[PDB]
file run-v8.txt (compact mmCIF, C-alpha atoms and all ligand atoms)
# COMPACT_ATOMS: atom_id res chain seq x y z
CA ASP T 4 128.29 106.72 17.39
CA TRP T 5 130.23 103.63 16.41
CA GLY T 6 128.49 100.44 15.33
CA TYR T 7 128.99 97.42 13.09
CA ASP T 8 127.35 98.45 9.80
CA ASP T 9 129.42 99.69 6.86
CA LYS T 10 129.16 103.40 7.76
CA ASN T 11 130.16 103.18 11.44
CA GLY T 12 131.74 99.72 11.64
CA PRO T 13 135.18 98.20 12.26
CA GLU T 14 136.72 99.42 9.19
CA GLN T 15 135.73 103.00 9.99
CA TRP T 16 136.51 102.95 13.73
CA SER T 17 140.02 104.37 13.25
CA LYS T 18 138.66 107.77 12.18
CA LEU T 19 137.27 108.31 15.70
CA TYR T 20 139.58 105.87 17.58
CA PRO T 21 143.10 105.93 16.11
CA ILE T 22 144.24 103.11 18.41
CA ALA T 23 142.30 100.80 16.07
CA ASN T 24 145.49 100.74 13.99
CA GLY T 25 147.63 100.12 17.08
CA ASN T 26 150.21 97.47 17.84
CA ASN T 27 148.14 95.47 20.36
CA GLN T 28 144.73 95.22 18.73
CA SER T 29 142.30 92.31 19.14
CA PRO T 30 141.00 89.90 17.98
CA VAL T 31 143.72 87.98 16.12
CA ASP T 32 144.14 84.80 14.11
CA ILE T 33 146.00 82.27 16.25
CA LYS T 34 148.43 80.44 13.96
CA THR T 35 149.26 77.32 15.94
CA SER T 36 152.53 76.70 14.10
CA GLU T 37 153.73 80.10 15.35
CA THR T 38 152.62 79.78 18.98
CA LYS T 39 155.26 79.38 21.69
CA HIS T 40 154.74 76.98 24.58
CA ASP T 41 155.46 78.66 27.93
CA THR T 42 156.29 76.32 30.81
CA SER T 43 155.84 79.21 33.28
CA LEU T 44 152.11 79.54 32.54
CA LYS T 45 150.03 78.27 35.44
CA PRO T 46 146.58 76.70 35.10
CA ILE T 47 143.65 79.08 34.86
CA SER T 48 141.71 79.20 38.13
CA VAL T 49 138.18 80.65 38.15
CA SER T 50 136.09 80.88 41.31
CA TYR T 51 132.79 82.70 40.75
CA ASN T 52 130.04 83.27 43.31
CA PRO T 53 126.56 83.01 41.72
CA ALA T 54 125.24 85.73 44.05
CA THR T 55 127.38 88.31 42.21
CA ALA T 56 125.19 87.97 39.09
CA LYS T 57 123.29 91.27 38.77
CA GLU T 58 121.70 92.39 35.52
CA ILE T 59 121.24 91.71 31.81
CA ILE T 60 121.17 94.75 29.51
CA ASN T 61 120.45 95.33 25.83
CA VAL T 62 123.25 97.69 24.81
CA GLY T 63 122.15 98.13 21.19
CA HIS T 64 125.04 96.34 19.51
CA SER T 65 124.91 93.36 21.91
CA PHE T 66 123.70 92.36 25.36
CA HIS T 67 125.73 92.28 28.57
CA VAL T 68 125.36 90.24 31.73
CA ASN T 69 126.87 92.30 34.52
CA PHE T 70 128.13 91.24 37.93
CA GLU T 71 128.46 92.97 41.28
CA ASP T 72 132.14 93.87 41.47
CA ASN T 73 132.45 95.45 44.92
CA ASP T 74 134.65 92.65 46.35
CA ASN T 75 136.55 89.47 45.40
CA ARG T 76 133.64 87.02 45.57
CA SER T 77 134.20 86.20 41.87
CA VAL T 78 137.84 86.12 40.73
CA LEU T 79 140.17 84.80 38.02
CA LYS T 80 143.69 83.72 39.03
CA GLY T 81 146.61 81.79 37.57
CA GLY T 82 147.59 81.54 33.93
CA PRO T 83 149.96 84.38 33.08
CA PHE T 84 148.77 86.50 36.02
CA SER T 85 150.26 87.29 39.40
CA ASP T 86 147.31 89.48 40.40
CA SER T 87 143.68 88.57 41.05
CA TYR T 88 141.15 89.78 38.49
CA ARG T 89 137.56 90.47 39.49
CA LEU T 90 134.70 89.30 37.27
CA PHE T 91 132.46 92.07 36.00
CA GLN T 92 130.71 90.90 32.83
CA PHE T 93 130.19 88.26 30.22
CA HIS T 94 128.75 88.66 26.73
CA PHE T 95 128.83 87.10 23.27
CA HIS T 96 129.72 87.97 19.71
CA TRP T 97 128.04 86.40 16.69
CA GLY T 98 127.78 86.85 12.94
CA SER T 99 125.13 87.15 10.24
CA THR T 100 125.28 83.43 9.45
CA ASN T 101 126.77 80.35 11.06
CA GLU T 102 129.85 80.50 8.81
CA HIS T 103 131.32 83.31 10.91
CA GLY T 104 130.66 85.05 14.17
CA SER T 105 133.63 84.45 16.38
CA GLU T 106 136.14 87.26 16.85
CA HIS T 107 139.28 85.20 17.29
CA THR T 108 140.08 82.58 14.67
CA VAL T 109 142.37 79.56 14.93
CA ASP T 110 144.47 78.74 11.85
CA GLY T 111 142.04 80.79 9.77
CA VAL T 112 138.96 78.90 10.96
CA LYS T 113 135.97 81.10 11.87
CA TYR T 114 133.54 79.81 14.48
CA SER T 115 129.86 80.71 14.84
CA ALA T 116 130.09 82.82 17.99
CA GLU T 117 132.41 83.67 20.86
CA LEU T 118 131.88 84.03 24.61
CA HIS T 119 133.83 86.72 26.51
CA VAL T 120 134.18 86.62 30.30
CA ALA T 121 135.72 89.91 31.41
CA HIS T 122 137.58 90.80 34.62
CA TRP T 123 139.54 93.76 35.99
CA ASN T 124 142.71 93.95 38.07
CA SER T 125 141.58 94.66 41.63
CA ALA T 126 145.08 94.05 43.00
CA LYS T 127 146.42 97.20 41.32
CA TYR T 128 143.29 99.29 40.67
CA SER T 129 140.21 100.32 42.64
CA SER T 130 137.54 100.27 39.91
CA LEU T 131 136.71 99.07 36.41
CA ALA T 132 136.84 102.69 35.25
CA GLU T 133 140.40 103.05 36.53
CA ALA T 134 141.58 99.66 35.25
CA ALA T 135 139.95 99.87 31.81
CA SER T 136 142.81 101.84 30.19
CA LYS T 137 145.77 100.19 31.96
CA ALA T 138 147.93 97.74 30.04
CA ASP T 139 147.49 95.24 32.89
CA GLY T 140 143.96 96.35 33.75
CA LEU T 141 141.70 93.79 32.06
CA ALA T 142 141.64 90.02 31.59
CA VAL T 143 139.15 88.38 29.22
CA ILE T 144 138.56 84.66 28.65
CA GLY T 145 137.47 83.94 25.08
CA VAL T 146 135.65 80.71 24.27
CA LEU T 147 135.06 79.82 20.62
CA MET T 148 131.51 78.58 19.98
CA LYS T 149 131.10 75.89 17.31
CA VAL T 150 127.68 75.37 15.73
CA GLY T 151 126.29 71.92 16.46
CA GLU T 152 124.23 70.51 19.31
CA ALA T 153 122.14 72.82 21.47
CA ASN T 154 124.04 73.92 24.56
CA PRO T 155 121.81 73.52 27.65
CA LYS T 156 124.16 75.63 29.78
CA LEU T 157 123.05 78.68 27.77
CA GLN T 158 119.43 78.22 28.89
CA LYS T 159 119.11 80.88 31.60
CA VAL T 160 120.76 83.45 29.32
CA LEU T 161 118.57 82.65 26.31
CA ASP T 162 115.40 82.62 28.43
CA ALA T 163 116.22 86.13 29.68
CA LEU T 164 116.41 87.78 26.25
CA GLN T 165 112.63 88.09 25.84
CA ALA T 166 112.64 90.68 28.65
CA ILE T 167 115.37 92.85 27.07
CA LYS T 168 114.31 92.75 23.42
CA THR T 169 115.03 96.41 22.58
CA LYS T 170 117.88 98.81 23.21
CA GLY T 171 118.21 100.06 26.77
CA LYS T 172 116.01 97.44 28.40
CA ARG T 173 117.50 95.98 31.59
CA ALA T 174 116.38 93.18 33.86
CA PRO T 175 117.64 91.40 36.98
CA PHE T 176 119.84 88.40 36.20
CA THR T 177 120.71 86.65 39.45
CA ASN T 178 122.15 83.47 40.96
CA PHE T 179 124.34 82.44 38.04
CA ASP T 180 127.92 81.14 37.87
CA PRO T 181 129.32 81.73 34.35
CA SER T 182 132.15 79.23 34.85
CA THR T 183 129.42 76.72 33.90
CA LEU T 184 129.77 78.06 30.32
CA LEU T 185 133.49 77.30 30.06
CA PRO T 186 134.80 74.19 28.28
CA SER T 187 135.91 71.19 30.31
CA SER T 188 139.58 71.70 29.41
CA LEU T 189 141.03 75.10 30.29
CA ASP T 190 144.13 74.69 28.11
CA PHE T 191 144.64 78.11 26.63
CA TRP T 192 146.50 80.59 24.47
CA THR T 193 147.39 84.03 25.80
CA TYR T 194 148.57 87.27 24.19
CA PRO T 195 148.50 91.01 25.00
CA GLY T 196 145.67 92.76 23.19
CA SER T 197 142.77 95.11 23.34
CA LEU T 198 139.05 95.57 23.75
CA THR T 199 137.52 94.42 20.48
CA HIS T 200 135.26 97.46 20.06
CA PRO T 201 135.50 101.16 20.95
CA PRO T 202 137.19 102.48 22.88
CA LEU T 203 139.59 99.67 21.82
CA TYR T 204 141.94 100.22 24.79
CA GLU T 205 145.06 98.04 24.64
CA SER T 206 144.37 96.91 28.20
CA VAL T 207 143.37 93.23 27.79
CA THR T 208 145.37 90.11 28.51
CA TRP T 209 143.52 87.52 26.43
CA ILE T 210 142.96 83.92 27.57
CA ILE T 211 141.66 81.96 24.56
CA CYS T 212 140.47 78.44 25.36
CA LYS T 213 141.75 75.65 23.11
CA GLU T 214 138.50 73.71 23.46
CA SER T 215 135.32 75.06 21.89
CA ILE T 216 131.81 74.90 23.33
CA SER T 217 128.70 74.08 21.35
CA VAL T 218 125.76 76.22 20.27
CA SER T 219 122.88 75.33 17.99
CA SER T 220 121.73 77.15 14.87
CA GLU T 221 118.50 78.03 16.69
CA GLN T 222 120.29 79.31 19.78
CA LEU T 223 122.32 81.62 17.52
CA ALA T 224 119.04 82.75 15.95
CA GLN T 225 117.89 83.91 19.39
CA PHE T 226 120.94 86.19 19.58
CA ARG T 227 120.19 87.62 16.14
CA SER T 228 116.53 88.19 17.09
CA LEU T 229 117.58 90.78 19.66
CA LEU T 230 116.74 94.28 18.43
CA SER T 231 119.15 97.21 18.22
CA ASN T 232 116.36 99.81 18.04
CA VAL T 233 114.44 101.27 20.97
CA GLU T 234 110.90 100.12 21.72
CA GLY T 235 108.36 101.59 19.31
CA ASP T 236 110.78 102.13 16.40
CA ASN T 237 111.21 99.99 13.30
CA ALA T 238 112.72 96.63 14.24
CA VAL T 239 116.45 96.32 13.49
CA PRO T 240 117.77 92.84 14.39
CA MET T 241 121.30 92.53 15.81
CA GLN T 242 122.63 90.50 12.90
CA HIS T 243 126.34 90.59 13.82
CA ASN T 244 128.86 92.21 16.14
CA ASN T 245 132.23 90.55 15.53
CA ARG T 246 135.36 92.54 14.63
CA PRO T 247 137.70 91.19 11.92
CA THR T 248 141.05 89.84 13.08
CA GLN T 249 143.91 92.32 13.34
CA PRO T 250 147.68 92.04 12.73
CA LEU T 251 149.87 90.58 15.46
CA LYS T 252 152.47 93.32 14.82
CA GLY T 253 155.18 91.05 16.18
CA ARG T 254 153.31 89.87 19.27
CA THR T 255 153.78 86.28 20.38
CA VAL T 256 150.84 84.02 21.22
CA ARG T 257 151.85 81.72 24.07
CA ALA T 258 150.36 78.26 24.61
CA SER T 259 149.74 76.65 27.97
CA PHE T 260 149.87 73.25 26.28
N1 LIG A 1 134.76 92.38 23.51
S1 LIG A 1 135.79 92.59 24.79
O1 LIG A 1 137.15 93.15 24.14
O2 LIG A 1 136.04 91.15 25.38
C1 LIG A 1 135.14 93.65 26.09
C2 LIG A 1 135.50 93.40 27.41
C3 LIG A 1 135.00 94.21 28.42
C4 LIG A 1 134.14 95.25 28.10
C5 LIG A 1 133.74 95.52 26.78
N2 LIG A 1 132.85 96.57 26.43
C6 LIG A 1 131.84 97.13 27.23
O3 LIG A 1 131.68 96.71 28.37
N3 LIG A 1 130.99 98.17 26.77
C7 LIG A 1 129.95 98.79 27.60
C8 LIG A 1 130.52 99.86 28.58
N4 LIG A 1 131.63 100.66 27.95
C9 LIG A 1 132.56 101.28 28.93
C10 LIG A 1 133.83 100.49 29.12
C11 LIG A 1 135.06 100.90 28.58
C12 LIG A 1 136.21 100.15 28.75
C13 LIG A 1 136.18 98.95 29.45
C14 LIG A 1 134.99 98.51 29.98
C15 LIG A 1 133.83 99.27 29.81
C16 LIG A 1 134.28 94.67 25.81
ZN ZN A 2 133.61 90.87 23.56

call {"tool": "encode", "arguments": {"input": "run-v8.txt", "output": "structure tokens"}}
result
Amino acid sequence: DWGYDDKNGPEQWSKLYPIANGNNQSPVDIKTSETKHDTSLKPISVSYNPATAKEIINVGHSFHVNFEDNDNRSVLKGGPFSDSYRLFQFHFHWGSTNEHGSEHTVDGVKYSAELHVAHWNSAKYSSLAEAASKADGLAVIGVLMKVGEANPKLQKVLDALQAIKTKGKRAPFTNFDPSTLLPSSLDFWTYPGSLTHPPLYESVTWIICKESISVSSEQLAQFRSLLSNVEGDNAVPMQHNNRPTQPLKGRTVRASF
């Protein structure tokens, strides 16, 4: 049972998941002096249908907002991709204090949290379960979240957490378009990488937005007030769930800008 504390956390994951020491691990530090501008990168195109929003779930280490993924009502196109990728989930990472919490860093700078919008390749594969281990199977948009003014676009998500306070609790989460959470500019970096927690499959093409979005200290506190224990047990707040950055191992981070 992997986790984020010192006994089961990122620096121990390799004992159970050897790919943690792989060549395409995520997240990474994006050194902007070493990025390579790619004129062939197309703009990112997201077209999400709010009716595909399904459920919010406390998964112990985090919470997930899941989407109906039976058809192409909600898709990501463009960027480095030739195929269409079908939305299936968004979630966040945060840290114990505001000084850290993002997974990716930019020129060594740690942000307070990070939003992940995850999709799977429905052009080549028939299900998330099939796509999840394929090198071209997953596409995840990462948005760095900078502490500052309260972000009103997070409201529906934050209001839902009171119904999923403890591990395993699930509740309907409907009529929501998560493209409303993205920054106004979709200038981006991209690199081949991995899921940032077990099973750490090197199946993710990362799209990291250049522009951050805001989040307030109190909104971050709502994340950390989620409980990792099951109802009835001693309360264990979800203090943090971000993985440290990993070596590029010769990968190249491309810039759309
Ligand atoms: N932080 S992330 O790298 O952007 C990222 C992106 C997408 C999914 C996850 N994790 C989870 O969805 N966990 C809950 C269910 N686990 C089964 C599973 C295995 C492989 C792929 C999807 C689902 C993490
Ligand atoms: Zn994530």

call {"tool": "atom_distance", "arguments": {"input": "run-v8.txt", "atom1": "CA of residue 26 (chain T)", "atom2": "CA of residue 206 (chain T)"}}
result
11.9 Å

call {"tool": "closest_atom_pairs", "arguments": {"input": "run-v8.txt", "of": "chain T", "to": "ligand LIG 1 (chain A)", "cutoff": "8 Å", "atoms": "only C-alpha atoms and all ligand atoms", "output": "tab-separated table"}}
result
residue	atom	partner	partner_atom	distance
T:29	CA	A:LIG1	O1	7.2
T:30	CA	A:LIG1	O1	8.0
T:62	CA	A:LIG1	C7	7.3
T:67	CA	A:LIG1	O3	7.4
T:92	CA	A:LIG1	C3	7.0
T:93	CA	A:LIG1	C3	7.9
T:94	CA	A:LIG1	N1	7.8
T:95	CA	A:LIG1	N1	7.9
T:96	CA	A:LIG1	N1	7.7
T:119	CA	A:LIG1	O2	5.1
T:120	CA	A:LIG1	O2	6.9
T:121	CA	A:LIG1	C3	5.3
T:122	CA	A:LIG1	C3	7.5
T:131	CA	A:LIG1	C14	6.7
T:132	CA	A:LIG1	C13	6.9
T:134	CA	A:LIG1	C13	8.0
T:135	CA	A:LIG1	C13	4.5
T:136	CA	A:LIG1	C12	7.0
T:141	CA	A:LIG1	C3	7.6
T:143	CA	A:LIG1	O2	5.7
T:144	CA	A:LIG1	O2	7.7
T:145	CA	A:LIG1	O2	7.4
T:197	CA	A:LIG1	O1	6.0
T:198	CA	A:LIG1	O1	3.1
T:199	CA	A:LIG1	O1	3.9
T:200	CA	A:LIG1	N1	6.2
T:201	CA	A:LIG1	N2	7.6
T:202	CA	A:LIG1	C11	6.3
T:203	CA	A:LIG1	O1	7.3
T:204	CA	A:LIG1	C12	7.0
T:207	CA	A:LIG1	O1	7.2

call {"tool": "closest_residue", "arguments": {"input": "run-v8.txt", "among": "T:161, T:59, T:44, T:19", "to": "residue 173 (chain T)", "atoms": "all atoms listed in the file"}}
result
T:59

call {"tool": "atom_distance", "arguments": {"input": "run-v8.txt", "atom1": "CA of residue 244 (chain T)", "atom2": "CA of residue 217 (chain T)"}}
result
18.9 Å

call {"tool": "closest_residue", "arguments": {"input": "run-v8.txt", "among": "T:193, T:36, T:105, T:69", "to": "ligand ZN 2 (chain A)", "atoms": "all atoms listed in the file"}}
result
T:105

call {"tool": "closest_residue", "arguments": {"input": "run-v8.txt", "among": "T:259, T:61, T:85, T:245", "to": "residue 189 (chain T)", "atoms": "all atoms listed in the file"}}
result
T:259

call {"tool": "closest_residue", "arguments": {"input": "run-v8.txt", "among": "T:39, T:103, T:6, T:218", "to": "residue 152 (chain T)", "atoms": "only C-alpha atoms"}}
result
T:218

call {"tool": "closest_residue", "arguments": {"input": "run-v8.txt", "among": "T:97, T:20, T:88, T:123", "to": "ligand ZN 2 (chain A)", "atoms": "all atoms listed in the file"}}
result
T:97

call {"tool": "closest_residue", "arguments": {"input": "run-v8.txt", "among": "T:108, T:182, T:222, T:65", "to": "residue 242 (chain T)", "atoms": "all atoms listed in the file"}}
result
T:65

call {"tool": "atom_distance", "arguments": {"input": "run-v8.txt", "atom1": "CA of residue 73 (chain T)", "atom2": "CA of residue 51 (chain T)"}}
result
13.4 Å

call {"tool": "residues_around", "arguments": {"input": "run-v8.txt", "residues": "residue 38 (chain T)", "least_positions_apart": "6", "cutoff": "8 Å", "atoms": "only C-alpha atoms", "output": "ChimeraX atom specification"}}
result
/T:255-258

call {"tool": "residues_around", "arguments": {"input": "run-v8.txt", "residues": "residue 241 (chain T)", "least_positions_apart": "2", "cutoff": "7 Å", "atoms": "all atoms listed in the file", "output": "VMD selection string"}}
result
chain T and resid 64 227 to 231 239 243

call {"tool": "decode", "arguments": {"input": "run-v8.txt", "residues": "region 230-252 of chain T", "atoms": "N, CA and C atoms", "output": "PDB file, in the first residue's frame"}}
result
ATOM      1  N   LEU T 230      -9.890  14.081   4.658  1.00  0.00           N
ATOM      2  CA  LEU T 230      -9.364  13.067   5.557  1.00  0.00           C
ATOM      3  C   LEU T 230      -9.019  11.799   4.789  1.00  0.00           C
ATOM      4  N   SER T 231      -7.857  11.230   5.097  1.00  0.00           N
ATOM      5  CA  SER T 231      -7.394  10.006   4.449  1.00  0.00           C
ATOM      6  C   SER T 231      -7.913   8.744   5.120  1.00  0.00           C
ATOM      7  N   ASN T 232      -8.445   8.861   6.327  1.00  0.00           N
ATOM      8  CA  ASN T 232      -8.994   7.732   7.062  1.00  0.00           C
ATOM      9  C   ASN T 232     -10.437   7.482   6.647  1.00  0.00           C
ATOM     10  N   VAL T 233     -10.948   6.292   7.008  1.00  0.00           N
ATOM     11  CA  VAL T 233     -12.355   5.982   6.784  1.00  0.00           C
ATOM     12  C   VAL T 233     -13.182   6.528   7.939  1.00  0.00           C
ATOM     13  N   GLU T 234     -14.457   6.785   7.657  1.00  0.00           N
ATOM     14  CA  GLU T 234     -15.371   7.299   8.665  1.00  0.00           C
ATOM     15  C   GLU T 234     -15.310   6.455   9.936  1.00  0.00           C
ATOM     16  N   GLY T 235     -15.261   7.133  11.082  1.00  0.00           N
ATOM     17  CA  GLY T 235     -15.236   6.482  12.377  1.00  0.00           C
ATOM     18  C   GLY T 235     -13.851   6.353  12.984  1.00  0.00           C
ATOM     19  N   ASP T 236     -12.809   6.322  12.155  1.00  0.00           N
ATOM     20  CA  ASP T 236     -11.438   6.213  12.626  1.00  0.00           C
ATOM     21  C   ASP T 236     -10.885   7.580  13.022  1.00  0.00           C
ATOM     22  N   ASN T 237      -9.704   7.554  13.640  1.00  0.00           N
ATOM     23  CA  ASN T 237      -9.006   8.783  13.985  1.00  0.00           C
ATOM     24  C   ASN T 237      -8.771   9.608  12.724  1.00  0.00           C
ATOM     25  N   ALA T 238      -9.004  10.915  12.829  1.00  0.00           N
ATOM     26  CA  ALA T 238      -8.877  11.799  11.673  1.00  0.00           C
ATOM     27  C   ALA T 238      -7.419  11.933  11.246  1.00  0.00           C
ATOM     28  N   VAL T 239      -7.156  11.729   9.956  1.00  0.00           N
ATOM     29  CA  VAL T 239      -5.813  11.895   9.391  1.00  0.00           C
ATOM     30  C   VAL T 239      -5.910  12.830   8.189  1.00  0.00           C
ATOM     31  N   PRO T 240      -5.714  14.137   8.368  1.00  0.00           N
ATOM     32  CA  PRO T 240      -5.794  15.057   7.226  1.00  0.00           C
ATOM     33  C   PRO T 240      -4.822  14.689   6.109  1.00  0.00           C
ATOM     34  N   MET T 241      -5.266  14.930   4.873  1.00  0.00           N
ATOM     35  CA  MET T 241      -4.459  14.812   3.654  1.00  0.00           C
ATOM     36  C   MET T 241      -3.551  16.027   3.554  1.00  0.00           C
ATOM     37  N   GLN T 242      -2.383  15.970   4.189  1.00  0.00           N
ATOM     38  CA  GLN T 242      -1.552  17.168   4.247  1.00  0.00           C
ATOM     39  C   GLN T 242      -0.844  17.454   2.929  1.00  0.00           C
ATOM     40  N   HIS T 243      -0.488  16.420   2.170  1.00  0.00           N
ATOM     41  CA  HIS T 243       0.295  16.608   0.951  1.00  0.00           C
ATOM     42  C   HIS T 243       0.214  15.352   0.093  1.00  0.00           C
ATOM     43  N   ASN T 244       0.415  15.536  -1.211  1.00  0.00           N
ATOM     44  CA  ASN T 244       0.404  14.416  -2.142  1.00  0.00           C
ATOM     45  C   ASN T 244       1.181  14.745  -3.414  1.00  0.00           C
ATOM     46  N   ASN T 245       2.224  15.556  -3.314  1.00  0.00           N
ATOM     47  CA  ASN T 245       3.035  15.850  -4.485  1.00  0.00           C
ATOM     48  C   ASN T 245       4.326  15.037  -4.471  1.00  0.00           C
ATOM     49  N   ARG T 246       4.683  14.484  -5.638  1.00  0.00           N
ATOM     50  CA  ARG T 246       5.936  13.762  -5.823  1.00  0.00           C
ATOM     51  C   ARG T 246       7.069  14.739  -6.134  1.00  0.00           C
ATOM     52  N   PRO T 247       8.273  14.508  -5.596  1.00  0.00           N
ATOM     53  CA  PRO T 247       9.429  15.331  -5.985  1.00  0.00           C
ATOM     54  C   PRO T 247       9.716  15.214  -7.475  1.00  0.00           C
ATOM     55  N   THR T 248      10.387  16.231  -8.023  1.00  0.00           N
ATOM     56  CA  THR T 248      10.765  16.174  -9.430  1.00  0.00           C
ATOM     57  C   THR T 248      11.856  15.128  -9.654  1.00  0.00           C
ATOM     58  N   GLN T 249      11.861  14.576 -10.856  1.00  0.00           N
ATOM     59  CA  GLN T 249      12.668  13.439 -11.252  1.00  0.00           C
ATOM     60  C   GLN T 249      13.600  13.843 -12.389  1.00  0.00           C
ATOM     61  N   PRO T 250      14.677  13.087 -12.621  1.00  0.00           N
ATOM     62  CA  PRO T 250      15.653  13.485 -13.648  1.00  0.00           C
ATOM     63  C   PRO T 250      15.115  13.351 -15.066  1.00  0.00           C
ATOM     64  N   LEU T 251      15.493  14.309 -15.917  1.00  0.00           N
ATOM     65  CA  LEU T 251      15.049  14.278 -17.308  1.00  0.00           C
ATOM     66  C   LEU T 251      15.619  13.086 -18.064  1.00  0.00           C
ATOM     67  N   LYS T 252      16.782  12.586 -17.646  1.00  0.00           N
ATOM     68  CA  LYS T 252      17.450  11.461 -18.304  1.00  0.00           C
ATOM     69  C   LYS T 252      17.539  11.684 -19.810  1.00  0.00           C
TER      70      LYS T 252
END
